[PDB]
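Let me begin by presenting the structure, written as structure tokens, before commenting on it.
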Amino acid sequence: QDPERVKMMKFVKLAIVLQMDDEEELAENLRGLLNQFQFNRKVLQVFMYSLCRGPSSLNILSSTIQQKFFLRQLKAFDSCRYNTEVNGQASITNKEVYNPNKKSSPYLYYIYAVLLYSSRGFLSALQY
DNA sequence: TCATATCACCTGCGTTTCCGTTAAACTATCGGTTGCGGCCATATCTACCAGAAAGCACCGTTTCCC
């Protein structure tokens, strides 16, 4: 029932999940936090650092599910950046964005380039 | 005037036995009220899918090369 406690509880759960090789559990915990803290930089770094080593982490990033998930958040950021409806964009849960110079989010474009690269889409990786 | 026996009686007193009354501890449901959770509505996220513009490979007519 406490918003500060549920936030803390999800991170402590993830930290224990990182020490067991359950790929699906890790993938679902990460998806939960990314759905909650939309566009957040510290969360996007926890995502990539939680995926630093082995075939288990490459399986997460190379999955088509992850490519579609990040495409939808990138479209949602572009919606906040230009004030227009983008087909298939995720709902704008983080309305607190302040980007007066219309800049990209380097972290979203980077993680999308990584998802394509880590799935042998080299032409697509060079574009982003 | 007391002390036995025997019969009609019938009407009367107030006797004499199992049932009824006031009210018990313990008994069998069942109700006024307590807390606990389905179907279904919504905005959002997602699985399974086809179609286009474009890839890409199987193929053999061509003609240059064994």
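Letters A, B, ... mark the chains of the structure tokens in the order given; residue numbers begin at 1 per chain; ligand numbers begin at 1, in order shown.
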
Notebook entry, point to check: chain A residues within 10 Å of chain B, counting only C-alpha atoms (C1' of nucleotides): which ones, as a PyMOL selection string?
Noted result: chain A and resi 35+65+69+90-91

Using the selection just defined, write its residues with N, CA and C atoms as a PDB file, in the first residue's frame.
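Okay, this is what ended up in out.pdb:
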ATOM      1  N   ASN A  35       8.505  -0.633 -17.463  1.00  0.00           N
ATOM      2  CA  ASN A  35       7.123  -0.188 -17.622  1.00  0.00           C
ATOM      3  C   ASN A  35       6.788   0.874 -16.568  1.00  0.00           C
ATOM      4  N   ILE A  65      10.933  -9.859 -28.723  1.00  0.00           N
ATOM      5  CA  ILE A  65      10.118  -9.225 -27.692  1.00  0.00           C
ATOM      6  C   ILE A  65      10.801  -7.942 -27.229  1.00  0.00           C
ATOM      7  N   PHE A  69       9.555  -4.060 -27.566  1.00  0.00           N
ATOM      8  CA  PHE A  69       9.366  -3.278 -26.346  1.00  0.00           C
ATOM      9  C   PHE A  69      10.103  -1.945 -26.401  1.00  0.00           C
ATOM     10  N   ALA A  90       4.096   3.655 -26.806  1.00  0.00           N
ATOM     11  CA  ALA A  90       3.695   3.306 -25.443  1.00  0.00           C
ATOM     12  C   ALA A  90       2.984   4.506 -24.788  1.00  0.00           C
ATOM     13  N   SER A  91       2.092   4.286 -23.819  1.00  0.00           N
ATOM     14  CA  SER A  91       1.430   5.408 -23.140  1.00  0.00           C
ATOM     15  C   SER A  91       2.469   6.248 -22.391  1.00  0.00           C
TER      16      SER A  91
END

Notebook entry, point to check: So which residues of chain A fall under alpha helix (DSSP H) by DSSP, listed as a VMD selection string?
Noted result: chain A and resid 3 to 17 23 to 36 41 to 49 54 to 62 64 to 82 106 to 117 122 to 127

Margin query: What does the structure give for the distance between atom CA of residue A:61 and atom CA of residue A:115, in Å to one decimal?
Written below: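 Going from atom CA of residue A:61 over to atom CA of residue A:115, I get 5.4 Å.
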
Note to self: For residue A:18, find every residue with an atom within 12 Å (counting only C-alpha atoms (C1' of nucleotides)), except residues of its own chain fewer than 3 positions away, and show them as a PyMOL selection string.
What the structure shows: chain A and resi 11-15+21-27+29-30+46-47+49-53+56-57

Same residues, N, CA and C atoms, saved as a PDB file, in the first residue's frame:
ATOM      1  N   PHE A  11      13.283  -3.292  -6.694  1.00  0.00           N
ATOM      2  CA  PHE A  11      14.739  -3.286  -6.852  1.00  0.00           C
ATOM      3  C   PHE A  11      15.396  -4.370  -5.999  1.00  0.00           C
ATOM      4  N   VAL A  12      15.003  -4.539  -4.733  1.00  0.00           N
ATOM      5  CA  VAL A  12      15.591  -5.591  -3.896  1.00  0.00           C
ATOM      6  C   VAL A  12      15.275  -6.972  -4.472  1.00  0.00           C
ATOM      7  N   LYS A  13      14.090  -7.200  -5.055  1.00  0.00           N
ATOM      8  CA  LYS A  13      13.775  -8.475  -5.712  1.00  0.00           C
ATOM      9  C   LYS A  13      14.733  -8.723  -6.871  1.00  0.00           C
ATOM     10  N   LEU A  14      14.897  -7.750  -7.763  1.00  0.00           N
ATOM     11  CA  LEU A  14      15.802  -7.847  -8.902  1.00  0.00           C
ATOM     12  C   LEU A  14      17.216  -8.190  -8.466  1.00  0.00           C
ATOM     13  N   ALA A  15      17.747  -7.516  -7.453  1.00  0.00           N
ATOM     14  CA  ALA A  15      19.093  -7.767  -6.973  1.00  0.00           C
ATOM     15  C   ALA A  15      19.320  -9.211  -6.535  1.00  0.00           C
ATOM     16  N   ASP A  21      20.598 -18.088 -12.319  1.00  0.00           N
ATOM     17  CA  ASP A  21      20.586 -18.080 -13.790  1.00  0.00           C
ATOM     18  C   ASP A  21      19.203 -18.155 -14.472  1.00  0.00           C
ATOM     19  N   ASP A  22      18.120 -17.786 -13.790  1.00  0.00           N
ATOM     20  CA  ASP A  22      16.779 -17.793 -14.370  1.00  0.00           C
ATOM     21  C   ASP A  22      16.589 -16.603 -15.327  1.00  0.00           C
ATOM     22  N   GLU A  23      16.743 -16.850 -16.622  1.00  0.00           N
ATOM     23  CA  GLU A  23      16.594 -15.842 -17.670  1.00  0.00           C
ATOM     24  C   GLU A  23      15.205 -15.224 -17.720  1.00  0.00           C
ATOM     25  N   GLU A  24      14.163 -16.048 -17.708  1.00  0.00           N
ATOM     26  CA  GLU A  24      12.794 -15.559 -17.798  1.00  0.00           C
ATOM     27  C   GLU A  24      12.437 -14.702 -16.593  1.00  0.00           C
ATOM     28  N   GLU A  25      12.857 -15.092 -15.395  1.00  0.00           N
ATOM     29  CA  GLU A  25      12.610 -14.278 -14.213  1.00  0.00           C
ATOM     30  C   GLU A  25      13.294 -12.916 -14.388  1.00  0.00           C
ATOM     31  N   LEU A  26      14.584 -12.889 -14.746  1.00  0.00           N
ATOM     32  CA  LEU A  26      15.303 -11.637 -14.958  1.00  0.00           C
ATOM     33  C   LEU A  26      14.609 -10.765 -15.995  1.00  0.00           C
ATOM     34  N   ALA A  27      14.229 -11.338 -17.126  1.00  0.00           N
ATOM     35  CA  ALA A  27      13.556 -10.617 -18.182  1.00  0.00           C
ATOM     36  C   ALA A  27      12.241  -9.995 -17.706  1.00  0.00           C
ATOM     37  N   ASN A  29      11.281  -9.262 -14.472  1.00  0.00           N
ATOM     38  CA  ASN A  29      11.553  -8.196 -13.498  1.00  0.00           C
ATOM     39  C   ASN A  29      11.982  -6.906 -14.202  1.00  0.00           C
ATOM     40  N   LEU A  30      12.905  -7.009 -15.157  1.00  0.00           N
ATOM     41  CA  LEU A  30      13.389  -5.854 -15.903  1.00  0.00           C
ATOM     42  C   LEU A  30      12.244  -5.180 -16.650  1.00  0.00           C
ATOM     43  N   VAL A  46      20.721   0.407 -15.084  1.00  0.00           N
ATOM     44  CA  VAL A  46      20.538  -0.845 -14.336  1.00  0.00           C
ATOM     45  C   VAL A  46      20.154  -1.966 -15.291  1.00  0.00           C
ATOM     46  N   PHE A  47      19.342  -1.712 -16.311  1.00  0.00           N
ATOM     47  CA  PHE A  47      18.982  -2.705 -17.313  1.00  0.00           C
ATOM     48  C   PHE A  47      20.206  -3.249 -18.041  1.00  0.00           C
ATOM     49  N   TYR A  49      23.529  -2.883 -17.279  1.00  0.00           N
ATOM     50  CA  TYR A  49      24.501  -3.476 -16.370  1.00  0.00           C
ATOM     51  C   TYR A  49      24.031  -4.851 -15.888  1.00  0.00           C
ATOM     52  N   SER A  50      22.728  -5.035 -15.666  1.00  0.00           N
ATOM     53  CA  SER A  50      22.141  -6.324 -15.296  1.00  0.00           C
ATOM     54  C   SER A  50      22.281  -7.346 -16.419  1.00  0.00           C
ATOM     55  N   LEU A  51      22.651  -6.913 -17.617  1.00  0.00           N
ATOM     56  CA  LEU A  51      22.824  -7.731 -18.802  1.00  0.00           C
ATOM     57  C   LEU A  51      24.274  -7.768 -19.337  1.00  0.00           C
ATOM     58  N   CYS A  52      25.291  -7.395 -18.552  1.00  0.00           N
ATOM     59  CA  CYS A  52      26.702  -7.360 -18.963  1.00  0.00           C
ATOM     60  C   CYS A  52      27.392  -8.652 -19.433  1.00  0.00           C
ATOM     61  N   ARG A  53      27.062  -9.853 -18.940  1.00  0.00           N
ATOM     62  CA  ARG A  53      27.814 -11.088 -19.268  1.00  0.00           C
ATOM     63  C   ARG A  53      27.038 -12.354 -19.607  1.00  0.00           C
ATOM     64  N   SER A  56      23.107 -15.936 -21.405  1.00  0.00           N
ATOM     65  CA  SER A  56      21.846 -15.619 -20.737  1.00  0.00           C
ATOM     66  C   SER A  56      21.425 -14.179 -20.969  1.00  0.00           C
ATOM     67  N   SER A  57      22.348 -13.226 -20.860  1.00  0.00           N
ATOM     68  CA  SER A  57      22.027 -11.835 -21.109  1.00  0.00           C
ATOM     69  C   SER A  57      21.874 -11.543 -22.595  1.00  0.00           C
TER      70      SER A  57
END

Determine, counting only C-alpha atoms (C1' of nucleotides), which protein, DNA and RNA residues have an atom within 12 Å of an atom of residue A:83; residues of the same chain fewer than 5 positions away are not included. Present the result as a CSV table (one decimal) with N, CA, C and O atoms, in the first residue's frame.
chain,number,residue,atom,x,y,z
A,75,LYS,N,9.4,5.4,-29.6
A,75,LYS,CA,8.3,6.2,-30.2
A,75,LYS,C,7.6,7.1,-29.2
A,75,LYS,O,7.2,8.2,-29.5
A,76,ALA,N,7.4,6.6,-28.0
A,76,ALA,CA,6.7,7.4,-26.9
A,76,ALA,C,7.6,8.6,-26.6
A,76,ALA,O,7.1,9.7,-26.4
A,77,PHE,N,8.9,8.5,-26.5
A,77,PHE,CA,9.8,9.6,-26.2
A,77,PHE,C,9.7,10.6,-27.4
A,77,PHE,O,9.5,11.8,-27.1
A,78,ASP,N,9.7,10.1,-28.6
A,78,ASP,CA,9.5,11.0,-29.8
A,78,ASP,C,8.2,11.8,-29.8
A,78,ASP,O,8.1,12.9,-30.2
A,92,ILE,N,2.3,7.6,-22.4
A,92,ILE,CA,3.3,8.5,-21.7
A,92,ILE,C,3.0,8.5,-20.2
A,92,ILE,O,2.2,9.3,-19.8
A,95,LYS,N,5.1,11.9,-17.8
A,95,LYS,CA,4.7,13.2,-18.4
A,95,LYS,C,5.6,14.4,-17.9
A,95,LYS,O,5.5,15.5,-18.4
A,97,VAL,N,8.8,15.0,-18.3
A,97,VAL,CA,9.9,15.3,-19.3
A,97,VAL,C,10.0,16.8,-19.6
A,97,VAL,O,8.9,17.5,-19.9
A,99,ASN,N,12.3,18.9,-22.2
A,99,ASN,CA,13.3,18.9,-23.3
A,99,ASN,C,13.0,20.0,-24.3
A,99,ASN,O,12.6,19.8,-25.5
A,100,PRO,N,13.3,21.3,-24.0
A,100,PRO,CA,13.0,22.4,-24.8
A,100,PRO,C,13.7,22.5,-26.1
A,100,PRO,O,13.2,23.1,-27.1
A,102,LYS,N,14.4,19.9,-28.1
A,102,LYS,CA,13.9,18.7,-28.8
A,102,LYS,C,15.0,17.6,-29.0
A,102,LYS,O,14.9,16.8,-30.0

Check: Which distance in Å separates atom CA of residue A:8 and atom CA of residue A:42, to one decimal?
Finding: 14.1 Å

Notebook entry, point to check: Do you know which residues are at most 12 Å from residue A:66 counting only C-alpha atoms (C1' of nucleotides), after dropping those on the same chain fewer than 4 positions away, and could you put them as an MDAnalysis selection string?
Noted result: chainID A and resid 27:28 30:31 34 47 57:62 70:73 111:112 114:116 118:119

Just N, CA and C atoms for this one: save the residues we selected as a PDB file, in the first residue's frame.
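File again.pdb, as written:
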ATOM      1  N   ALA A  27      14.229 -11.338 -17.126  1.00  0.00           N
ATOM      2  CA  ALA A  27      13.556 -10.617 -18.182  1.00  0.00           C
ATOM      3  C   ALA A  27      12.241  -9.995 -17.706  1.00  0.00           C
ATOM      4  N   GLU A  28      11.418 -10.734 -16.962  1.00  0.00           N
ATOM      5  CA  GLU A  28      10.144 -10.220 -16.461  1.00  0.00           C
ATOM      6  C   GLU A  28      10.340  -9.119 -15.411  1.00  0.00           C
ATOM      7  N   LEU A  30      12.905  -7.009 -15.157  1.00  0.00           N
ATOM      8  CA  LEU A  30      13.389  -5.854 -15.903  1.00  0.00           C
ATOM      9  C   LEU A  30      12.244  -5.180 -16.650  1.00  0.00           C
ATOM     10  N   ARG A  31      11.380  -5.957 -17.305  1.00  0.00           N
ATOM     11  CA  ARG A  31      10.243  -5.417 -18.058  1.00  0.00           C
ATOM     12  C   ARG A  31       9.301  -4.652 -17.139  1.00  0.00           C
ATOM     13  N   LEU A  34      10.967  -1.235 -16.271  1.00  0.00           N
ATOM     14  CA  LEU A  34      10.962  -0.360 -17.444  1.00  0.00           C
ATOM     15  C   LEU A  34       9.549   0.151 -17.753  1.00  0.00           C
ATOM     16  N   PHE A  47      19.342  -1.712 -16.311  1.00  0.00           N
ATOM     17  CA  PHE A  47      18.982  -2.705 -17.313  1.00  0.00           C
ATOM     18  C   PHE A  47      20.206  -3.249 -18.041  1.00  0.00           C
ATOM     19  N   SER A  57      22.348 -13.226 -20.860  1.00  0.00           N
ATOM     20  CA  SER A  57      22.027 -11.835 -21.109  1.00  0.00           C
ATOM     21  C   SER A  57      21.874 -11.543 -22.595  1.00  0.00           C
ATOM     22  N   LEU A  58      22.685 -12.145 -23.463  1.00  0.00           N
ATOM     23  CA  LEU A  58      22.544 -11.970 -24.903  1.00  0.00           C
ATOM     24  C   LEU A  58      21.193 -12.508 -25.386  1.00  0.00           C
ATOM     25  N   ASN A  59      20.673 -13.593 -24.810  1.00  0.00           N
ATOM     26  CA  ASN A  59      19.368 -14.126 -25.180  1.00  0.00           C
ATOM     27  C   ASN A  59      18.275 -13.096 -24.897  1.00  0.00           C
ATOM     28  N   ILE A  60      18.377 -12.362 -23.789  1.00  0.00           N
ATOM     29  CA  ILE A  60      17.435 -11.301 -23.447  1.00  0.00           C
ATOM     30  C   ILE A  60      17.470 -10.214 -24.525  1.00  0.00           C
ATOM     31  N   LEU A  61      18.624  -9.601 -24.774  1.00  0.00           N
ATOM     32  CA  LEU A  61      18.750  -8.527 -25.753  1.00  0.00           C
ATOM     33  C   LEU A  61      18.467  -8.953 -27.194  1.00  0.00           C
ATOM     34  N   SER A  62      18.775 -10.177 -27.581  1.00  0.00           N
ATOM     35  CA  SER A  62      18.542 -10.640 -28.947  1.00  0.00           C
ATOM     36  C   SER A  62      17.094 -11.050 -29.229  1.00  0.00           C
ATOM     37  N   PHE A  70      11.388  -1.952 -26.764  1.00  0.00           N
ATOM     38  CA  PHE A  70      12.150  -0.711 -26.800  1.00  0.00           C
ATOM     39  C   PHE A  70      11.734   0.192 -27.939  1.00  0.00           C
ATOM     40  N   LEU A  71      11.300  -0.349 -29.072  1.00  0.00           N
ATOM     41  CA  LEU A  71      10.826   0.479 -30.172  1.00  0.00           C
ATOM     42  C   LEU A  71       9.657   1.336 -29.708  1.00  0.00           C
ATOM     43  N   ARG A  72       8.767   0.755 -28.906  1.00  0.00           N
ATOM     44  CA  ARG A  72       7.568   1.426 -28.406  1.00  0.00           C
ATOM     45  C   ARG A  72       7.903   2.518 -27.408  1.00  0.00           C
ATOM     46  N   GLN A  73       8.876   2.332 -26.522  1.00  0.00           N
ATOM     47  CA  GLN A  73       9.291   3.426 -25.641  1.00  0.00           C
ATOM     48  C   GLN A  73      10.008   4.520 -26.431  1.00  0.00           C
ATOM     49  N   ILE A 111      20.528   2.010 -26.539  1.00  0.00           N
ATOM     50  CA  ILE A 111      19.997   0.691 -26.210  1.00  0.00           C
ATOM     51  C   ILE A 111      19.276   0.103 -27.413  1.00  0.00           C
ATOM     52  N   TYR A 112      18.609   0.891 -28.245  1.00  0.00           N
ATOM     53  CA  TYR A 112      18.011   0.332 -29.445  1.00  0.00           C
ATOM     54  C   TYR A 112      19.086  -0.106 -30.454  1.00  0.00           C
ATOM     55  N   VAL A 114      22.085  -1.256 -29.659  1.00  0.00           N
ATOM     56  CA  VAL A 114      22.574  -2.486 -29.040  1.00  0.00           C
ATOM     57  C   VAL A 114      21.636  -3.650 -29.313  1.00  0.00           C
ATOM     58  N   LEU A 115      20.322  -3.491 -29.180  1.00  0.00           N
ATOM     59  CA  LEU A 115      19.373  -4.583 -29.416  1.00  0.00           C
ATOM     60  C   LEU A 115      19.438  -5.089 -30.854  1.00  0.00           C
ATOM     61  N   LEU A 116      19.640  -4.206 -31.824  1.00  0.00           N
ATOM     62  CA  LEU A 116      19.778  -4.562 -33.238  1.00  0.00           C
ATOM     63  C   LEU A 116      21.132  -5.220 -33.529  1.00  0.00           C
ATOM     64  N   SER A 118      23.244  -6.729 -31.378  1.00  0.00           N
ATOM     65  CA  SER A 118      23.300  -8.003 -30.665  1.00  0.00           C
ATOM     66  C   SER A 118      22.352  -9.059 -31.231  1.00  0.00           C
ATOM     67  N   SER A 119      21.755  -8.802 -32.390  1.00  0.00           N
ATOM     68  CA  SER A 119      20.873  -9.698 -33.129  1.00  0.00           C
ATOM     69  C   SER A 119      21.205  -9.691 -34.626  1.00  0.00           C
TER      70      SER A 119
END
